[PDB]
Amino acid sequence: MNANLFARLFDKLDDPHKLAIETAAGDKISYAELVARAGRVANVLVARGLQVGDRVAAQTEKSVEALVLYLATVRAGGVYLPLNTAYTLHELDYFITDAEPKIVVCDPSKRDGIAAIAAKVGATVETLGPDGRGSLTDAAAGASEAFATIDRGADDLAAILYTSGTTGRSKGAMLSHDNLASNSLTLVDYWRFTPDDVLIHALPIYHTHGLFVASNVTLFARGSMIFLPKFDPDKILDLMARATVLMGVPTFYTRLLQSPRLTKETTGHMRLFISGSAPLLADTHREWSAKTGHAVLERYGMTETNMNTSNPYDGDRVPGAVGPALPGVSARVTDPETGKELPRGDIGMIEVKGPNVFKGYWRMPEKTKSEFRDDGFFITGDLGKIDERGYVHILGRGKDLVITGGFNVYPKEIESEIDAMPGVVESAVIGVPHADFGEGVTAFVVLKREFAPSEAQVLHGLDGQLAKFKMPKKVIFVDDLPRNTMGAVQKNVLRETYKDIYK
């Protein structure tokens, strides 16, 4: 009856000695051992001033100790607030001032600088390094394992995750215990996770994917994970011989496809490859199936909504689509302006509703109101369509739409045309200010080493395929596209760098 996520996970534990986590060093941690670790750390949090509802902010390198801190925070009735490991002291100041955590956990090498920030809000600072050592660990070594998991209701907060910051300054999403439990429980069934599953976990844990989807699904299912610090293709390829699931982002798949070790034989023990967090291109899906014989399962979620849709485990996994709405989740497509639902197949704003959807943005009630329809649907900001079979197709972010000379131009279809050309690795299409057209469609293209065409050849190639209003006004060759630490393209970086090209 306790809705606390920790209690949902562990209050009844039938097989306590089963493996939960293998660390990168090869240490093995049982379910019972994980629970006990979380008990010690929960007691530390209370000993360091945690009261129910208080935020615990964590910026640390990835380790099992860092995962335990998440579980312990939730267990103790706190609100877990992970922060991108790369955020500078200056950047952290915004998040700590916004969230006003009671406790901040950071890397030992940054304690002095973070202590000064923490002082502004009266927070206590503990440390945890990449080896799992630090003041938090010292405090936990003498703490009691026994901890009475705090009573929480379905709608009480478990975490605040800040969005990735792709379209603007990151916003804090308030996530409840039921948001997290309902979503992972649904996914366990939908993806047929069992106690026999072994997940290769190579994702960051400050993002919803690596933190909630990977960890909560595995732990509810009573499977295990192999907990790697970063993406390493050869290590991942090595582990596939003794694992069953990989959760990845599209860049995992494009990079693994460059390895000559990626074969049917190397992947033959694997049950399931999942992709999320950015668009898996249909060509990449097909390349994966051609090389390995596996059909990648793509799913779509956001910080604010957890997972909304998924390609079916036991049905057609459709290249370029993110699947139908998950059980319990409603998805529709609406006219961006009027908000009325569109006929199936028409392009508009994707909206979602369900127990997965967050409670709003932290201390931003006005912005929260503006992103919810009157009937409770959340406006995703993603444009797309739902086909006759109910599969959602994401055509792009609303923020990426380019208005030029009175026309709406959808960059994905221009990017598709360019990426189809021989000698092209990938492209990003944006608008930047243009005195004649409002915005000028501009294509940034990453070329292959040998087979590369010129600016003019690209435009000539597009001229035959594309209506005149959709044509890029210029093509710019770049060495790579800017991406965040999760692998998502950062089009605002290109918009800033190239803002004056038509001036």
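The numbering used is simple: start at 1 and walk along the sequence shown.
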Inset, instruction - Output the stretch having the higher mean C-alpha B factor in the entry; the candidates are 400-408 and 283-291. - result: 400-408
Inset, instruction - Going by the average Cα B-factor in the PDB entry, point out whether 417-425 or 293-301 comes out higher. - result: 417-425
Legend entry - Candidate residues 91, 316, 145, 156, the one whose C-alpha B factor the record puts highest: 91
Legend entry - Highest recorded Cα temperature factor - choice among 465, 30, 59, 63: 465
Inset, instruction - Divide the modelled residues of the chain into thirds by Cα B-factor and specify which third, lowest, middle or highest, holds residue 469. - result: highest
Legend entry - Chain-wide C-alpha B factor ranking for residue 39, given as lowest, middle or highest third: lowest
Inset, instruction - Within this chain's modelled residues, let me know which third the CA B factor of residue 312 belongs to: lowest, middle or highest. - result: lowest
Legend entry - Entry-reported Cα temperature factor of residue 255, expressed as the chain third it lands in: middle
Legend entry - Chain third (lowest, middle, highest) by recorded CA B-factor, residue given as residue 53: lowest
